[PDB]
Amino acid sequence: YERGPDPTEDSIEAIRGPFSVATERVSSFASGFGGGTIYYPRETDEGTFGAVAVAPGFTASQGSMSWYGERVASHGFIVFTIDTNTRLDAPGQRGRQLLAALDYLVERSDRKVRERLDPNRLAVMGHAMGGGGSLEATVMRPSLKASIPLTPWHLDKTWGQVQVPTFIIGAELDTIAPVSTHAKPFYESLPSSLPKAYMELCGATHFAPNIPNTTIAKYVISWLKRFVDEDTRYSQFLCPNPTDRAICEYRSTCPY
């Protein structure tokens, strides 16, 4: 499941990975969700790849997450920035629609996408209410390999039944889904035996995940490599806790 050459901190911080990405547009009339764009590596010689499904926040679309497409997928992943059914979907519905996008990748995706996909190594990512929907899709399908809630928003504060390795990225100055009442109590109610981490960004707002951010990208790549690819070549950056300057607080259940 290991793809690409051995990583240094300069390769994870790279804006482009060792693979050339291609895309495939998915209609909004696909069952269960509002469609999106499927970013996938072109070179099929290193084998098949795992996949992640990315959800945008409340009253937002995949354009708010588009920069995760070619970025992560060039490091060796299938990335699916999806649109929801309506722009007002609650976090619970964004969980379902995250799973209907993954199922679409397995059961209905184009042949070029189907051939490069390992349908057993799947994951979810999401921003704001898409991060709450990231937490729900874990509860809804415990077979998922990774879960990455970006500045997540949810009314439910306790998430002790989650079994997926979850990486909650926080934003210091977020006042829409503030970390003290959302991102932190979400992480602390995750099971202490779960492989998990909490990264809070200094001076960041609710919308920091919507523009390219080397701090966000380098450890989303490490997290998706470690748990979707079972790639222990990326534990060096996760354990012990990263000590970057753009990070104001880091918490984790290291080592893993």
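Numbers for residues come from their place in the sequence shown, where the first is 1.
Higher mean CA B-factor, judged across 130 to 138 and 107 to 115 from the recorded values: 107 to 115. If you average the C-alpha B-factors over 98 to 106 and over 67 to 75, the higher value belongs to 67 to 75.
In the deposited entry, the Cα temperature factor of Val52 sits in the bottom third of values across the chain's modelled residues. Ranked against the other modelled residues of its chain, the C-alpha B-factor of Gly34 as given in the entry falls in the lowest third.
In this PDB entry, the Cα temperature factor of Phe207 sits in the bottom third of its chain's modelled residues, the lowest group. Among the modelled residues of its chain, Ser193 has a C-alpha B-factor that falls in the middle third, as given in the PDB entry. When the modelled residues of the chain are ordered by their C-alpha B factor, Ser222 lands in the middle third.
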